[PDB]
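In: Partial complex follows, first chain(s) only, in situ:
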Amino acid sequence: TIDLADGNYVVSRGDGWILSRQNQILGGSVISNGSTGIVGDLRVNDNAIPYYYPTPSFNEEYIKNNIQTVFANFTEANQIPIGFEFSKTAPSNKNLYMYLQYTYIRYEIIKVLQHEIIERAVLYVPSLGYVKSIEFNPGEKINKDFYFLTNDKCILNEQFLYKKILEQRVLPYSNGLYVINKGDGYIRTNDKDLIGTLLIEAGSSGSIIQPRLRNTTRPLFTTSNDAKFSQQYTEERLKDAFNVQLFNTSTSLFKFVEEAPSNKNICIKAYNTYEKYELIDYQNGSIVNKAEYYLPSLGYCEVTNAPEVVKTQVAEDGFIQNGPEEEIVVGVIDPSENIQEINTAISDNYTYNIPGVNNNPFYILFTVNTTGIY
């Protein structure tokens, strides 16, 4: 039963879903007498295959298309290897057994008729993983619930995010192109940039790693006039102001490591971030053409203490800035305006005859032979 209206809905239940009968698939480690055990895994192309559970109304393509539109594109996100690691220290004179399983993001497509869900299709996307540990003595019997899971369960985030499937500041800038560095740490809404969530238990440590085993990165481009401010054109003006050379590729790694306290469990969320570059075209005090370029950056980390669900709608498409406030304005040479050069330092008096160039505002490049007021 739900309080929504009749129709089809796309719902995200968050990250932290562990599947049934799939606890000890990857194995486990045994530590003793103060030894520290570190487990790690990498999600590349085989432990990253989603699981589809469709219905006649919601086929596999219908499921894949609708969730990727509203939520994170798991097809393009699972292609980039992502590593995760857990670390647990065995107590003194005791033994610890700790095993690792996979966590999943659970999406659904549901049909609501007369305030009752009459159909549901479920997609599971492998997100990060989870570690479960116990302190055991030799010969002791441990409850089967620790080893075996008979039903899917959520451990990190209990959420229900639904969306219906509808079938003036004074800028004293002279006229010319500008590339403004609006700031770093921009993330998309609806958790479209979430690398994933890790639940670090008390006394343990967790880490999410971008190993950069692949150069591939995905920049974002939003132009107001594609005739002038094309993606290539905006990229060239980015290489002119800040000398940005690599756009679709990157080689910088980033780790996010959190050590949970000895009392309470912690969960950590890793997002992919962007840096915002605004390429504007100022003309007589008003912007007449603007483009926005989101260059991939080095991630964002949110640490939250692990906590009834409330059906909440998804926020509109947009960006949220988590980094500091930044505004660096750098003017650039407007192309299609020829640059003339004087190949001699101006000593004390120079005359330059404008060649033919038949109007067409142009640039003269020069330097002086001695510092002074000219």
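Out: Yep, that arrived. Numbering: from 1, shown residues only, chains lettered A, B, ... in the order given.

In: Now do the strands in the stretch 251-374 of chain A.
Out: Assigned by DSSP state E, counting those that start in this stretch, the strands in the stretch 251-374 of chain A fall at A:254-259, A:266-271, A:274-283, A:286-296, A:300-305, A:311-313, A:319-321, A:328-331, A:339-341, A:363-365.

In: got those strands as CSV, with mean neighbour count and distance to residue A:61 columns?
Out: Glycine gets a C-beta too; all of them are placed from N, C-alpha and C. Below are the strands of the stretch 251-374 of chain A laid out as CSV (neighbours: other Cβ atoms under 10 Å; distance: least, Cβ to Cβ, whole Å):
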stretch, mean neighbour count, distance to residue A:61
strand A:254-259, 16, 34
strand A:266-271, 22, 28
strand A:274-283, 20, 29
strand A:286-296, 18, 29
strand A:300-305, 15, 32
strand A:311-313, 11, 25
strand A:319-321, 16, 29
strand A:328-331, 13, 45
strand A:339-341, 11, 53
strand A:363-365, 11, 54
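
In: As CSV, those strands with distance to residue A:22 would be great.
Out: What follows is the strands of the stretch 251-374 of chain A, written out as CSV (distance: least, Cβ to Cβ, whole Å):
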stretch, distance to residue A:22
strand A:254-259, 25
strand A:266-271, 21
strand A:274-283, 35
strand A:286-296, 33
strand A:300-305, 26
strand A:311-313, 28
strand A:319-321, 34
strand A:328-331, 49
strand A:339-341, 64
strand A:363-365, 66
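
In: Which one of those lies nearest to residue A:17?
Out: Among the strands of the stretch 251-374 of chain A, strand A:266-271 comes nearest to residue A:17, with 13.8 Å by Cβ to Cβ.

In: here's chain B, drop it on:
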Amino acid sequence: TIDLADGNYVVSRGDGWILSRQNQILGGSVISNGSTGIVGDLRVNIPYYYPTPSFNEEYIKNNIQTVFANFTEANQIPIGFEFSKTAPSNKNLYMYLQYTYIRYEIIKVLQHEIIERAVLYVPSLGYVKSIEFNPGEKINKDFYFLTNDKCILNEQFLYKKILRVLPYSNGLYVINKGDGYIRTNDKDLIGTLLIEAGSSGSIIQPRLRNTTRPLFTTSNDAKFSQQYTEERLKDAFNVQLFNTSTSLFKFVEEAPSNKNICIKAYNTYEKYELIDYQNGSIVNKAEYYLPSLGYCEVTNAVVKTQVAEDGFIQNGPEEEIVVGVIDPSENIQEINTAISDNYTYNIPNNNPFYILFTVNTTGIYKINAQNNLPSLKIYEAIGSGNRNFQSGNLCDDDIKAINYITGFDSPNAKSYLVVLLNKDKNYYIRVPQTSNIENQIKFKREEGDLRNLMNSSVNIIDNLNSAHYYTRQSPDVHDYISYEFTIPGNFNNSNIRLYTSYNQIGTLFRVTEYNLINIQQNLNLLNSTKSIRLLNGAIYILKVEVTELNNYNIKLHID
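Out: With chain B added, the chains above now look like this:
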């Protein structure tokens, strides 16, 4: 010089052997003023032979690989280790790394004396020696140079003379027996690292993709092959090998400032037993050892010991997880429409098969074939009821891990099942090997007095005409089993003794035509012949629970 006997012996002296004159052949690191120096090795893949005229190289290799860990073909597994040391406040520290080795001797003993000896050195983890020095200081030469092979590890001498009731049903089963299994005689030993005081050391086990090898031991390769066992493991727990090759484990130990710490690391395995329980006896078995995430031990700083027999030792916690799986030989027929209050499924081969179905609402049903023959077994898909769902229809989740509920595997007997079925679940019914009389399976909701016999097959043996005894498969503890009988003699409104042979509460109902009337409760059927006089010609229901299963079978004696 030896307490052995005459003959050839193969001895392992353990790892931690440092070769001579090879101390600073890998290099060294100089750190200063609070800087932390970390040096180590990481290898993806060359032993040293020293033979004798009797012990040729092939002889040594064969004899060592027969007992101890292989090295010719087992060099594929990569290894790594690391040592970390922090410089003092205002002094320099120099630390250098060498390789430790496993020493494998093969000797000939005559008159309790070692008259011949050949030595093999197998590469192992490393060893770091460090010294804090001031400029111009002279350091004793014994720190840099080793003039004789020595062991800086735990000395050892491992020698070998070179010369219950399972209340299960018929069907396949997969049992997870636990984790932390290691082979005997240190055949799974990654190795040992010695860490000096104030240092810390780490052992890392890299895993190349698709480079993990499980251990398979089958009882019959005709049926329980390796591919078959892997498929059944996937059916039971969704076990796949390729997801174990992307993992990695690492053990870190920080030695105290006072004493050195020796840390020993092994590889591990998870044990899965695929059994074929039939008629109370295991007719087939297969053991699958899946590479696990290692085992760690912490020790501290020469009795000649014999090697243990080949086998496994469990270093992990005790575990026994039993999951029944669908036999791939039998076919599956599905009932798409959810059962609501009544149904009549018409079986379309005279072979056992699985009927997959779901109910439209929770309730105690009553499933039986035509004339209660043959007897059916009902299972339950594990984990079904949370994935894809359509109201009023059956959406198969492709779950083949079944949990047995009730039923008998004796088609000769005739019985019917009374089992509570949940709305948000999927259930399997196994029809055994039948004839061509066109039998049909009937589902009927039971809102009457039949709800008392929840989760219990009901036998309808009505041959009482004269103490008769009936034998069935005894249910597990806390389960139930029921019997329907008719007292001999035409009804006109006979002392019957009810007991059991081997197994231990019991309840009796009177059928009043299904309007069962409760009469007697809490009866110990262990031989107890406390008899009861019942009206002749009246149908009676006898329900028995299992509290102490001392036998696979259960026998009910009626007098």
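
In: Point out the residues in the stretch 151-300 of chain B that sit beside chain A.
Out: Applying Cβ under 8 Å from any Cβ of the partner chain, we find that the stretch 151-300 of chain B lies next to chain A at B:176, B:179-180, B:236-240, B:242-244, B:246-253, B:263, B:268, B:270, B:290-298.

In: Just the ones of those residues in strands?
Out: Judged by DSSP state E, these include B:176, B:179-180, B:248-253, B:263, B:270, B:290-291, B:295-298 as members of strands.

In: before we move on, back to that, ChimeraX command for the buried members of the residues of the stretch 151-300 of chain B next to chain A?
Out: Buried subset of these, written as a ChimeraX selection, criterion 16 or more other Cβ atoms under 10 Å in any protein chain shown:
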select /B:176,179,180,236,237,239,243,244,246,247,248,249,250,251,252,253,263,268,270,290,291,292,293,294,295,296,297,298
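
In: mind checking how far the biggest strand by length in chain B is from the chain centre?
Out: Under DSSP E, the strand in chain B containing the largest number of residues is strand B:114-133. Centre-to-centre, strand B:114-133 and its host chain are 38 Å apart (Cα atoms, centre = their mean, to the nearest Å).

In: ok, then the element right after it?
Out: strand B:150-151 (DSSP states H and E).

In: and that next one, which strands flank it?
Out: strand B:17-18 (antiparallel) (DSSP bridges).

In: moving C-terminal of the strand it pairs with, what's the next helix or strand?
Out: Following strand B:17-18 toward the C-terminus (DSSP H and E): strand B:28-32.

In: Residues in contact with that next one: which ones?
Out: Contacts to strand B:28-32, defined as Cβ atoms under 8 Å, 6 or more residues apart in numbering or on different chains, come from residues B:37, B:39, B:85, B:87, B:91-97.

In: one more, chain C:
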Amino acid sequence: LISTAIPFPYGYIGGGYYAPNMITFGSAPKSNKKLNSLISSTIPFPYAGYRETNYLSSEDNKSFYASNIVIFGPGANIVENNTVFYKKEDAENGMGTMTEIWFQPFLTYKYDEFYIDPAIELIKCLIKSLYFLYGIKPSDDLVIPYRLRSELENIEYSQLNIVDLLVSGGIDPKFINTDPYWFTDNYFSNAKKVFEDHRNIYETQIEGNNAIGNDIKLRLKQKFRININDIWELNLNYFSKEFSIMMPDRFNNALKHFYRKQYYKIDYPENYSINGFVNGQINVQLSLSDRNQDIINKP
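Out: Once chain C is put in with the chains from before, the structure reads:
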């Protein structure tokens, strides 16, 4: 192109070219927060994990040197330039394999009124080797008819492998490669499909992998920047025009039947230089070799 057309390497030891595994190495020392075991360095575990086939191994078999082409002297026959593959399976399946060349630079023959520049012969051998380096070698039974042996009495036709026709240059290859294809075979379509598949493998998997060195990545980028149709159209007729070298053109792979050769010795500080034949092809002063009496005449 020869120096950049390395044979396609094999993937990791488990198959595939996408990405290697990851190793966590170098745990930081403990502190007030302590347990910095996770604060460490991330490493691609197998770096340059691809396995190359174009390599020469030292005598001790512990050192390897990259090699696409190795030029040897002649085999049994003193004057016979040949190109041999390293692996036959890899020369035809699209992997590609290194080539070994038997070339004799000291002898040359005279056709009509000019001498054959050995540079054109070496260029022909290199063009033939380009097929092996790309793994587009056709099967040995792809012979096309070359000459009706009128000297015989029974109707027999000489046959020629398609690579020889394509790379030899002259009028014979232009009588076969026509504006519509009167002669077609599944070899061209299969080779194009395999080449496109390998280009896609590089573009989707290798190009983007950050754990492979530029020495292989960049060389593979330039290897696939050339379309397979360009290699088929690469013949001696292009280099002869671009070098002003005169060479036999009609039935140039069957000249043994037409006229008997007479070889000339060439020393190479004087008779041949970086500019080619000294005093031109026609007027270069050469001396007939003493091996002209050692020619085997099996009719």
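
In: distance of residue C:60 from chain B?
Out: 13 Å (Cβ to the nearest Cβ, to the nearest Å).

In: what about that residue, which SS state?
Out: Of the three states, residue C:60 takes coil under DSSP: H, G, I helix; E, B strand; the rest coil.

In: same deal with residue C:166?
Out: helix.

In: Show the contacting residues for it.
Out: Residues near residue C:166 by Cβ under 8 Å, 6+ apart: C:173, C:177, C:232, C:235.

In: That one and residue C:233: what is the separation?
Out: With the distance defined as Cβ to Cβ, to the nearest Å, residue C:166 ends up 8 Å from residue C:233.

In: thinking again about what came up before, the longest strand of chain B and chain C in contact?
Out: No. Strand B:114-133 stays clear of chain C (Cβ under 8 Å from any Cβ), getting no nearer than 13.9 Å.

In: So the one residue in the stretch 451-559 of chain B that gets nearest to chain C versus residue B:522, what's the distance?
Out: Proximity of the stretch 451-559 of chain B to chain C (Cβ to the nearest Cβ) peaks at residue B:476, 44.2 Å away. Distance of residue B:476 to residue B:522, computed by Cβ to Cβ: 20 Å.

In: Who has more neighbours out of those two?
Out: residue B:476 (13 against 8; other Cβ atoms under 10 Å in any protein chain shown).

In: Which secondary structure element is home to the more buried one?
Out: Using DSSP H and E, residue B:476 maps to neither a helix nor a strand.

In: thought it was touching residue B:546?
Out: Yes. With contact defined as Cβ atoms under 8 Å, residue B:476 counts as touching residue B:546 (6.4 Å).
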